[PDB]
Amino acid sequence: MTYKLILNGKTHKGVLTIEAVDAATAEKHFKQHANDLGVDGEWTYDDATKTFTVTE
Ligand SMILES: [Mg+2]
Ligand SMILES: [Mg+2]
């Protein structure tokens with residue numbers, strides 16, 4: 001199962017995908033990868049397109 005993340009951070013941008021089992025596990029990892037970068041932002045998840053956004 002492919003989940004995508006949009007990062008629109010103030011210094012870091014991009015699009016990352018991750019192969020996961022539920023969106024629970026994608027969330028965990030992408031949210032940890034956010035912290036690691038120093039991204040604190042507003043999060044969204046659209047289930048139909050499997051896409052997390054996080055915007056600083
Ligand atoms: Mg880690
Ligand atoms: Mg670190």
Side-chain angles (χ1 to χ4, degrees):
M1 208 100 265
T2 297
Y3 299 89
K4 288 77 87 172
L5 181 68
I6 310 282
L7 309 101
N8 191 27
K10 263 205 169 58
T11 287
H12 307 282
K13 327 255 160 198
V15 168
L16 274 187
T17 64
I18 187 189
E19 313 303 323
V21 77
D22 47 23
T25 290
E27 173 156 51
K28 216 200 154 181
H29 288 115
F30 292 153
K31 272 181 192 182
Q32 182 50 229
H33 303 188
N35 266 252
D36 288 327
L37 296 172
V39 182
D40 165 55
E42 285 299 287
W43 278 95
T44 71
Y45 183 60
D46 160 51
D47 44 333
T49 68
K50 304 257 195 307
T51 299
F52 293 83
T53 303
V54 47
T55 302
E56 248 173 318

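Atoms considered below: every heavy atom in the structure, side chains included; atoms not considered: hydrogens, waters and symmetry mates. One-based numbering along the sequence shown.
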Heavy atoms only: give me the nearest [X]-[Y] pair and the separation to one decimal.
X	Y	result
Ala26	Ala20	N-CB, 4.1 Å
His12	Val39	CD2-CG2, 4.5 Å
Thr25	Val21	OG1-CG1, 4.0 Å

Checklist entry - Going hydrophobic residue to hydrophobic residue with side-chain gaps under 4.5 angstrom, can you get from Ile18 over to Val54? => result yes
Next on the checklist: Please determine whether residues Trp43 and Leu7 belong to a single hydrophobic cluster, defined as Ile, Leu, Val, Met, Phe, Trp and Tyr linked transitively by side-chain heavy-atom distances below 4.5 Å.
Outcome noted: yes
Next on the checklist: Using side chain to side chain contact (heavy atoms under 4.5 Å, CB included), reason through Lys4 and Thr2 one step at a time and then give a plain yes or no.
Outcome noted: CA-CA 7 Å; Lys4 288 77 87 172; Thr2 297; 3.9 Å; yes
Checklist entry - So does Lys13 have more than 12 non-hydrogen atoms from other groups sitting under 6.0 Å from NZ? => result yes
Checklist entry - Do other residues, nucleotides or ligands put more than 12 heavy atoms under 6.0 Å from the CG atom of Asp40? => result no
Checklist entry - What residues, two or more places apart in sequence or in another chain, satisfy salt bridge (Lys or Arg N to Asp or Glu O under 4.0 Å) together with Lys28? => result none
Checklist entry - Can you name the residues that form a ring-ring contact (aromatic ring centres under 6.0 Å, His included) with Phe52, not counting sequence neighbours? => result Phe30, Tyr45
Item to check | Residue of the set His33, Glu27, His29 for which side-chain hydrogen bond (donor to acceptor under 3.5 Å, both in side chains) holds with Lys31 | outcome: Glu27
Checklist entry - Which pairs count as salt bridge (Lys or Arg N to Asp or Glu O under 4.0 Å) when at least one residue sits in residues 41-56, sequence neighbours excluded? => result none
Item to check | Residue pair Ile6 / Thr51, side-chain heavy-atom distance below 4.5 Å | outcome: yes
